[PDB]
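What follows is entry.pdb (PDB, C-alpha atoms and all ligand atoms).
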ATOM      1  CA  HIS A   8     -16.564   6.098  -9.452  1.00  0.00           C
ATOM      2  CA  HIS A   9     -15.322   9.226 -11.388  1.00  0.00           C
ATOM      3  CA  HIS A  10     -11.982   9.778  -9.437  1.00  0.00           C
ATOM      4  CA  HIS A  11      -9.662   8.762 -12.390  1.00  0.00           C
ATOM      5  CA  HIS A  12      -9.176  12.516 -13.366  1.00  0.00           C
ATOM      6  CA  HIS A  13      -7.244  13.114 -10.030  1.00  0.00           C
ATOM      7  CA  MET A  14      -4.655  10.534 -11.222  1.00  0.00           C
ATOM      8  CA  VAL A  15      -1.094  11.120  -9.886  1.00  0.00           C
ATOM      9  CA  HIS A  16       2.170   9.481 -11.075  1.00  0.00           C
ATOM     10  CA  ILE A  17       3.515   7.598  -8.043  1.00  0.00           C
ATOM     11  CA  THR A  18       7.108   6.328  -7.801  1.00  0.00           C
ATOM     12  CA  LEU A  19       8.685   4.256  -5.021  1.00  0.00           C
ATOM     13  CA  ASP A  20      11.328   5.647  -2.598  1.00  0.00           C
ATOM     14  CA  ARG A  21      14.278   3.105  -2.475  1.00  0.00           C
ATOM     15  CA  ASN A  22      15.595   4.666   0.767  1.00  0.00           C
ATOM     16  CA  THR A  23      12.416   3.639   2.715  1.00  0.00           C
ATOM     17  CA  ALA A  24      12.405   0.051   1.404  1.00  0.00           C
ATOM     18  CA  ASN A  25      13.035  -3.008   3.535  1.00  0.00           C
ATOM     19  CA  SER A  26      16.514  -4.264   2.580  1.00  0.00           C
ATOM     20  CA  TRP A  27      15.107  -7.456   0.870  1.00  0.00           C
ATOM     21  CA  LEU A  28      13.003  -5.481  -1.652  1.00  0.00           C
ATOM     22  CA  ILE A  29      13.903  -5.060  -5.336  1.00  0.00           C
ATOM     23  CA  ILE A  30      12.515  -1.847  -6.869  1.00  0.00           C
ATOM     24  CA  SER A  31      12.570  -1.636 -10.694  1.00  0.00           C
ATOM     25  CA  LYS A  32      14.687   0.968 -12.580  1.00  0.00           C
ATOM     26  CA  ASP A  33      11.496   2.992 -13.389  1.00  0.00           C
ATOM     27  CA  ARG A  34      10.593   2.989  -9.613  1.00  0.00           C
ATOM     28  CA  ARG A  35       7.095   1.631 -10.552  1.00  0.00           C
ATOM     29  CA  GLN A  36       7.414  -2.073  -9.459  1.00  0.00           C
ATOM     30  CA  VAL A  37       8.558  -3.777  -6.250  1.00  0.00           C
ATOM     31  CA  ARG A  38       9.017  -7.429  -5.283  1.00  0.00           C
ATOM     32  CA  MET A  39      10.516  -9.520  -2.473  1.00  0.00           C
ATOM     33  CA  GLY A  40      14.060 -10.738  -3.200  1.00  0.00           C
ATOM     34  CA  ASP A  41      15.254 -14.148  -1.974  1.00  0.00           C
ATOM     35  CA  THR A  42      18.008 -12.439   0.177  1.00  0.00           C
ATOM     36  CA  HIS A  43      19.303  -9.063   1.494  1.00  0.00           C
ATOM     37  CA  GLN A  44      19.725  -6.741  -1.530  1.00  0.00           C
ATOM     38  CA  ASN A  45      23.194  -5.380  -0.579  1.00  0.00           C
ATOM     39  CA  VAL A  46      22.135  -1.876   0.596  1.00  0.00           C
ATOM     40  CA  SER A  47      23.257  -0.012   3.779  1.00  0.00           C
ATOM     41  CA  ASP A  48      20.790   0.293   6.709  1.00  0.00           C
ATOM     42  CA  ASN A  49      19.255   3.725   7.502  1.00  0.00           C
ATOM     43  CA  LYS A  50      16.588   5.046   9.904  1.00  0.00           C
ATOM     44  CA  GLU A  51      13.935   5.312   7.063  1.00  0.00           C
ATOM     45  CA  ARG A  52      13.895   1.556   6.167  1.00  0.00           C
ATOM     46  CA  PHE A  53      11.031  -0.620   7.385  1.00  0.00           C
ATOM     47  CA  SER A  54      12.932  -3.358   9.328  1.00  0.00           C
ATOM     48  CA  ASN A  55      10.369  -6.070  10.272  1.00  0.00           C
ATOM     49  CA  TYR A  56       8.141  -6.262   7.138  1.00  0.00           C
ATOM     50  CA  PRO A  57       8.541  -6.073   3.322  1.00  0.00           C
ATOM     51  CA  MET A  58       7.238  -2.453   3.155  1.00  0.00           C
ATOM     52  CA  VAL A  59       8.155   0.630   1.076  1.00  0.00           C
ATOM     53  CA  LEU A  60       6.734   4.170   0.660  1.00  0.00           C
ATOM     54  CA  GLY A  61       6.018   6.257  -2.417  1.00  0.00           C
ATOM     55  CA  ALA A  62       8.295   9.304  -2.899  1.00  0.00           C
ATOM     56  CA  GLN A  63       5.336  11.706  -3.187  1.00  0.00           C
ATOM     57  CA  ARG A  64       4.041  13.571  -0.089  1.00  0.00           C
ATOM     58  CA  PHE A  65       0.453  14.915  -0.033  1.00  0.00           C
ATOM     59  CA  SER A  66      -0.842  17.611   2.403  1.00  0.00           C
ATOM     60  CA  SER A  67      -3.912  18.843   0.384  1.00  0.00           C
ATOM     61  CA  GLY A  68      -6.150  17.984  -2.596  1.00  0.00           C
ATOM     62  CA  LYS A  69      -7.533  14.891  -4.184  1.00  0.00           C
ATOM     63  CA  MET A  70      -5.197  12.085  -5.428  1.00  0.00           C
ATOM     64  CA  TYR A  71      -5.876   8.749  -7.203  1.00  0.00           C
ATOM     65  CA  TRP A  72      -3.563   5.904  -8.253  1.00  0.00           C
ATOM     66  CA  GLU A  73      -3.859   2.166  -9.176  1.00  0.00           C
ATOM     67  CA  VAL A  74      -1.834  -0.875  -8.158  1.00  0.00           C
ATOM     68  CA  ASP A  75      -1.627  -4.324  -9.854  1.00  0.00           C
ATOM     69  CA  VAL A  76      -1.819  -7.261  -7.351  1.00  0.00           C
ATOM     70  CA  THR A  77      -2.123 -10.113  -9.932  1.00  0.00           C
ATOM     71  CA  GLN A  78      -1.272 -13.609  -8.568  1.00  0.00           C
ATOM     72  CA  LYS A  79      -0.314 -12.417  -5.068  1.00  0.00           C
ATOM     73  CA  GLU A  80      -1.453 -14.329  -1.973  1.00  0.00           C
ATOM     74  CA  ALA A  81      -0.693 -11.504   0.518  1.00  0.00           C
ATOM     75  CA  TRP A  82      -0.177  -7.691   0.385  1.00  0.00           C
ATOM     76  CA  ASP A  83      -1.157  -4.442   2.138  1.00  0.00           C
ATOM     77  CA  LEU A  84      -1.938  -1.167   0.244  1.00  0.00           C
ATOM     78  CA  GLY A  85      -3.018   2.364   1.113  1.00  0.00           C
ATOM     79  CA  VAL A  86      -1.524   5.539   2.624  1.00  0.00           C
ATOM     80  CA  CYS A  87       0.271   6.437   5.797  1.00  0.00           C
ATOM     81  CA  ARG A  88       1.664   9.414   7.700  1.00  0.00           C
ATOM     82  CA  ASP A  89       5.188  10.448   6.747  1.00  0.00           C
ATOM     83  CA  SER A  90       6.067  10.005  10.520  1.00  0.00           C
ATOM     84  CA  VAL A  91       4.970   6.314  10.933  1.00  0.00           C
ATOM     85  CA  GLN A  92       7.241   3.992  12.960  1.00  0.00           C
ATOM     86  CA  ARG A  93       9.803   2.162  10.719  1.00  0.00           C
ATOM     87  CA  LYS A  94      11.516  -0.206  13.243  1.00  0.00           C
ATOM     88  CA  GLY A  95      10.128  -3.119  15.250  1.00  0.00           C
ATOM     89  CA  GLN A  96       6.633  -4.620  15.388  1.00  0.00           C
ATOM     90  CA  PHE A  97       3.427  -2.611  14.887  1.00  0.00           C
ATOM     91  CA  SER A  98      -0.177  -3.061  13.671  1.00  0.00           C
ATOM     92  CA  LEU A  99      -1.597  -1.298  10.596  1.00  0.00           C
ATOM     93  CA  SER A 100      -4.264   0.986  12.130  1.00  0.00           C
ATOM     94  CA  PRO A 101      -5.327   4.621  11.906  1.00  0.00           C
ATOM     95  CA  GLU A 102      -4.085   5.054  15.534  1.00  0.00           C
ATOM     96  CA  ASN A 103      -0.559   4.176  14.223  1.00  0.00           C
ATOM     97  CA  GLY A 104      -0.945   6.425  11.132  1.00  0.00           C
ATOM     98  CA  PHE A 105      -2.042   3.878   8.451  1.00  0.00           C
ATOM     99  CA  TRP A 106      -5.160   3.778   6.195  1.00  0.00           C
ATOM    100  CA  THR A 107      -4.860   0.389   4.447  1.00  0.00           C
ATOM    101  CA  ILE A 108      -6.557  -2.800   3.202  1.00  0.00           C
ATOM    102  CA  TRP A 109      -4.963  -6.200   2.784  1.00  0.00           C
ATOM    103  CA  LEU A 110      -5.220  -9.739   1.473  1.00  0.00           C
ATOM    104  CA  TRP A 111      -4.151 -12.502   3.883  1.00  0.00           C
ATOM    105  CA  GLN A 112      -5.071 -16.253   3.919  1.00  0.00           C
ATOM    106  CA  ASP A 113      -7.814 -15.929   1.316  1.00  0.00           C
ATOM    107  CA  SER A 114      -9.655 -13.033   3.098  1.00  0.00           C
ATOM    108  CA  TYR A 115      -9.642  -9.264   2.383  1.00  0.00           C
ATOM    109  CA  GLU A 116      -9.717  -6.946   5.459  1.00  0.00           C
ATOM    110  CA  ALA A 117      -9.522  -3.198   6.183  1.00  0.00           C
ATOM    111  CA  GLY A 118      -6.753  -2.126   8.610  1.00  0.00           C
ATOM    112  CA  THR A 119      -9.029  -0.816  11.385  1.00  0.00           C
ATOM    113  CA  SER A 120      -8.416  -1.760  15.067  1.00  0.00           C
ATOM    114  CA  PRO A 121      -9.692  -4.365  15.246  1.00  0.00           C
ATOM    115  CA  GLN A 122      -9.661  -5.316  11.499  1.00  0.00           C
ATOM    116  CA  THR A 123     -12.877  -5.218   9.404  1.00  0.00           C
ATOM    117  CA  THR A 124     -14.027  -8.011   7.045  1.00  0.00           C
ATOM    118  CA  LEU A 125     -14.380  -6.864   3.385  1.00  0.00           C
ATOM    119  CA  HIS A 126     -17.037  -8.352   1.025  1.00  0.00           C
ATOM    120  CA  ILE A 127     -15.452  -8.781  -2.427  1.00  0.00           C
ATOM    121  CA  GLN A 128     -17.276 -11.091  -4.943  1.00  0.00           C
ATOM    122  CA  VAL A 129     -14.631 -10.608  -7.750  1.00  0.00           C
ATOM    123  CA  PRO A 130     -11.004 -11.052  -6.465  1.00  0.00           C
ATOM    124  CA  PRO A 131      -9.260  -7.871  -7.646  1.00  0.00           C
ATOM    125  CA  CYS A 132      -6.245  -7.907  -9.973  1.00  0.00           C
ATOM    126  CA  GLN A 133      -5.945  -4.046  -9.746  1.00  0.00           C
ATOM    127  CA  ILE A 134      -6.905  -1.749  -6.794  1.00  0.00           C
ATOM    128  CA  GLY A 135      -7.697   1.993  -7.096  1.00  0.00           C
ATOM    129  CA  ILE A 136      -6.786   4.238  -4.113  1.00  0.00           C
ATOM    130  CA  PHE A 137      -8.438   7.654  -3.707  1.00  0.00           C
ATOM    131  CA  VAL A 138      -7.408  10.228  -1.044  1.00  0.00           C
ATOM    132  CA  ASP A 139      -9.359  13.443  -0.349  1.00  0.00           C
ATOM    133  CA  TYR A 140      -7.116  15.279   2.142  1.00  0.00           C
ATOM    134  CA  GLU A 141      -9.548  18.048   3.087  1.00  0.00           C
ATOM    135  CA  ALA A 142     -12.557  15.693   3.433  1.00  0.00           C
ATOM    136  CA  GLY A 143     -10.518  13.185   5.537  1.00  0.00           C
ATOM    137  CA  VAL A 144     -11.359  10.236   3.169  1.00  0.00           C
ATOM    138  CA  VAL A 145      -9.399   7.241   1.883  1.00  0.00           C
ATOM    139  CA  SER A 146     -11.328   4.934  -0.497  1.00  0.00           C
ATOM    140  CA  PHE A 147     -10.460   1.671  -2.278  1.00  0.00           C
ATOM    141  CA  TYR A 148     -11.950   0.519  -5.594  1.00  0.00           C
ATOM    142  CA  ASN A 149     -12.005  -2.895  -7.392  1.00  0.00           C
ATOM    143  CA  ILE A 150     -10.787  -2.025 -10.943  1.00  0.00           C
ATOM    144  CA  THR A 151     -11.401  -5.697 -12.103  1.00  0.00           C
ATOM    145  CA  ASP A 152     -15.139  -5.268 -11.115  1.00  0.00           C
ATOM    146  CA  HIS A 153     -15.958  -2.011 -13.018  1.00  0.00           C
ATOM    147  CA  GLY A 154     -14.534   0.161 -10.181  1.00  0.00           C
ATOM    148  CA  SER A 155     -16.885  -1.122  -7.433  1.00  0.00           C
ATOM    149  CA  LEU A 156     -16.278   0.275  -3.911  1.00  0.00           C
ATOM    150  CA  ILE A 157     -14.267  -1.946  -1.559  1.00  0.00           C
ATOM    151  CA  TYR A 158     -13.915   0.267   1.542  1.00  0.00           C
ATOM    152  CA  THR A 159     -14.053   3.953   2.707  1.00  0.00           C
ATOM    153  CA  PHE A 160     -12.202   5.309   5.757  1.00  0.00           C
ATOM    154  CA  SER A 161     -13.944   8.541   6.691  1.00  0.00           C
ATOM    155  CA  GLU A 162     -13.367  11.054   9.522  1.00  0.00           C
ATOM    156  CA  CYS A 163      -9.650  10.370   8.982  1.00  0.00           C
ATOM    157  CA  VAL A 164      -7.253  12.300  11.266  1.00  0.00           C
ATOM    158  CA  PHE A 165      -4.183  12.372   8.940  1.00  0.00           C
ATOM    159  CA  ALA A 166      -2.246  14.653  11.342  1.00  0.00           C
ATOM    160  CA  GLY A 167       0.594  15.180   8.828  1.00  0.00           C
ATOM    161  CA  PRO A 168       1.741  14.731   5.246  1.00  0.00           C
ATOM    162  CA  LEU A 169       0.656  11.407   3.648  1.00  0.00           C
ATOM    163  CA  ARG A 170       2.729   8.960   1.614  1.00  0.00           C
ATOM    164  CA  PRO A 171       1.578   6.054  -0.622  1.00  0.00           C
ATOM    165  CA  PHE A 172       2.156   2.803   1.334  1.00  0.00           C
ATOM    166  CA  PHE A 173       2.974  -0.717   0.017  1.00  0.00           C
ATOM    167  CA  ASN A 174       3.641  -4.158   1.547  1.00  0.00           C
ATOM    168  CA  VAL A 175       4.521  -6.962  -0.944  1.00  0.00           C
ATOM    169  CA  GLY A 176       4.078  -9.580   1.844  1.00  0.00           C
ATOM    170  CA  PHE A 177       6.131 -12.566   3.032  1.00  0.00           C
ATOM    171  CA  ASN A 178       6.883 -15.427   0.576  1.00  0.00           C
ATOM    172  CA  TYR A 179       7.121 -18.392   3.009  1.00  0.00           C
ATOM    173  CA  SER A 180       4.690 -20.357   0.691  1.00  0.00           C
ATOM    174  CA  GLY A 181       6.597 -19.842  -2.598  1.00  0.00           C
ATOM    175  CA  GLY A 182       3.275 -18.555  -4.004  1.00  0.00           C
ATOM    176  CA  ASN A 183       3.725 -14.823  -3.275  1.00  0.00           C
ATOM    177  CA  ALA A 184       6.865 -13.797  -5.257  1.00  0.00           C
ATOM    178  CA  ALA A 185       4.952 -11.629  -7.791  1.00  0.00           C
ATOM    179  CA  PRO A 186       5.478  -7.829  -7.701  1.00  0.00           C
ATOM    180  CA  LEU A 187       3.216  -4.924  -6.818  1.00  0.00           C
ATOM    181  CA  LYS A 188       3.120  -2.686  -9.930  1.00  0.00           C
ATOM    182  CA  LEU A 189       1.929   0.933 -10.277  1.00  0.00           C
ATOM    183  CA  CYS A 190      -0.455   0.896 -13.291  1.00  0.00           C
ATOM    184  CA  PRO A 191      -0.226   3.422 -16.112  1.00  0.00           C
ATOM    185  CA  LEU A 192      -2.524   6.497 -16.231  1.00  0.00           C
TER     186      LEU A 192
HETATM  187  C1  LIG A 201      11.712 -15.208   5.211  1.00  0.00           C
HETATM  188  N1  LIG A 201      10.812 -15.054   4.074  1.00  0.00           N
HETATM  189  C2  LIG A 201      10.932 -16.076   3.042  1.00  0.00           C
HETATM  190  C3  LIG A 201       9.920 -14.057   3.997  1.00  0.00           C
HETATM  191  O1  LIG A 201       8.950 -14.117   3.245  1.00  0.00           O
HETATM  192  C4  LIG A 201      10.141 -12.814   4.815  1.00  0.00           C
HETATM  193  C5  LIG A 201       9.142 -12.359   5.686  1.00  0.00           C
HETATM  194  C6  LIG A 201       9.309 -11.208   6.426  1.00  0.00           C
HETATM  195  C7  LIG A 201      10.492 -10.465   6.306  1.00  0.00           C
HETATM  196  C8  LIG A 201      11.508 -10.898   5.451  1.00  0.00           C
HETATM  197  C9  LIG A 201      11.311 -12.066   4.704  1.00  0.00           C
HETATM  198  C10 LIG A 201      12.764 -10.085   5.335  1.00  0.00           C
HETATM  199  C11 LIG A 201      12.440  -8.617   5.547  1.00  0.00           C
HETATM  200  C12 LIG A 201      11.781  -8.423   6.883  1.00  0.00           C
HETATM  201  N2  LIG A 201      10.652  -9.320   7.051  1.00  0.00           N
END
Show this structure as structure tokens.
Ligand SMILES: CN(C)C(=O)c1ccc2c(c1)CCCN2
Amino acid sequence: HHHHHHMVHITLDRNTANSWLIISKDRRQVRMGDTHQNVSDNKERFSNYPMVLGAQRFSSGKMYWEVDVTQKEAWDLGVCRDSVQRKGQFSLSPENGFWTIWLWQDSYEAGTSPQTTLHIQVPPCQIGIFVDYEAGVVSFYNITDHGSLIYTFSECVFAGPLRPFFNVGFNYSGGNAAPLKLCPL
């Protein structure tokens, strides 16, 4: 792909974070803490899952960013509507305002309803995310495998401003403590 030139500097929004997340001083890394992180509750925080949004809102144009997923067993990445549900249980689907992929139990899947099996020969250590607002496209790229395409959502009905979306995953196993990191431009 040749999307790198639409690179945007993403930072994480602390106020949207689940209360167990630890966001770095530079707002470019997030990981699961082993306890509540001593913050007040608010209506923006994702309650049920270890999720956080980027601060940036996009309503037009082309945007690209990259995320490091090294040594994680589980995570979700993509974009979502600014107005997505924060409290209670929900599925990651375009009907609910999410355009995402994930790793879970040694398989990669796109967040369609129902979910779609992905075919990845080289397990990615860094993921590229491309959004074309006007075209209604969200695409995912395997940076470890020379930028190979992972998945394209097309005919997207965004229906609002978009925000970068992150889920560091549960760490029941003790094998998923590593952070998500926004990679340098
Ligand atoms: C309990 N452990 C070890 C987890 O991995 C975990 C999973 C989900 C979740 C939380 C923790 C607190 C935030 C809300 N959801």
For the structure shown, which residues end up in the PyMOL selection byres (((chain A and resi 27-29) around 8) and not hetatm)? Put them as an mmCIF file with C-alpha atoms, in the frame of the given file, please?
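Written out: part_36.cif:
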data_model
loop_
_atom_site.group_PDB
_atom_site.id
_atom_site.type_symbol
_atom_site.label_atom_id
_atom_site.label_comp_id
_atom_site.auth_asym_id
_atom_site.auth_seq_id
_atom_site.Cartn_x
_atom_site.Cartn_y
_atom_site.Cartn_z
ATOM 1 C CA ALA A 24 12.405 0.051 1.404
ATOM 2 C CA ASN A 25 13.035 -3.008 3.535
ATOM 3 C CA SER A 26 16.514 -4.264 2.580
ATOM 4 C CA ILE A 30 12.515 -1.847 -6.869
ATOM 5 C CA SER A 31 12.570 -1.636 -10.694
ATOM 6 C CA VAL A 37 8.558 -3.777 -6.250
ATOM 7 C CA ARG A 38 9.017 -7.429 -5.283
ATOM 8 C CA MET A 39 10.516 -9.520 -2.473
ATOM 9 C CA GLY A 40 14.060 -10.738 -3.200
ATOM 10 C CA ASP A 41 15.254 -14.148 -1.974
ATOM 11 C CA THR A 42 18.008 -12.439 0.177
ATOM 12 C CA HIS A 43 19.303 -9.063 1.494
ATOM 13 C CA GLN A 44 19.725 -6.741 -1.530
ATOM 14 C CA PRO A 57 8.541 -6.073 3.322
#
Can you tell me which residues surround residue 91 in chain A at a distance of at most 9 Å, considering all atoms listed in the file, apart from same-chain residues fewer than 2 positions away, and format the answer as a PyMOL selection string? chain A and resi 87-89+93+103-105
Pick out the closest residue to ligand LIG 201 (chain A) from this set: A:17, A:134, A:184, A:62. Count all atoms listed in the file.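 Residue with the minimum atom-to-atom distance to ligand LIG 201 (chain A): A:184.
With only C-alpha atoms as the atoms that count, the minimum distance from residue 99 in chain A to the choices A:172, A:144, A:131, A:77 is reached by A:172.
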Axis-aligned box over every listed atom of ligand LIG 201 (chain A), padded by 5 Å per side: centre and edges in Å to one decimal, as AutoDock Vina command-line options?
--center_x 10.9 --center_y -12.2 --center_z 5.0 --size_x 13.8 --size_y 17.7 --size_z 14.0
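Minimum atom-to-atom distance to ligand LIG 201 (chain A), evaluated using only C-alpha atoms and all ligand atoms, belongs to A:56 out of A:96, A:106, A:56, A:101.
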Point out the residue among A:98, A:178, A:120, A:107 with the least atom-to-atom distance to ligand LIG 201 (chain A), counting all atoms listed in the file. A:178
Just want the 12 Å neighbourhood of residue 90 in chain A, counted on only C-alpha atoms, with same-chain residues fewer than 6 positions away dropped. Output as a PyMOL selection string. chain A and resi 23+50-51+60+64+103-105+165-170
So how far away is CA of residue 124 in chain A from CA of residue 72 in chain A, in Å?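 Going from CA of residue 72 in chain A over to CA of residue 124 in chain A covers 23.2 Å.
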Do you know which residues the PyMOL selection byres (((chain A and resi 84) around 8) and not hetatm) returns on this file, as a list in words? residues 82, 83, 85, 86, 107, 108, 109, 172, 173 and 174 of chain A
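Closest approach to residue 13 in chain A from the set A:45, A:69, A:190, A:52 is made by A:69, with distances taken over all atoms listed in the file.
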So how far away is CA of residue 136 in chain A from CA of residue 76 in chain A, in Å?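 Between CA of residue 76 in chain A and CA of residue 136 in chain A the gap is 12.9 Å.
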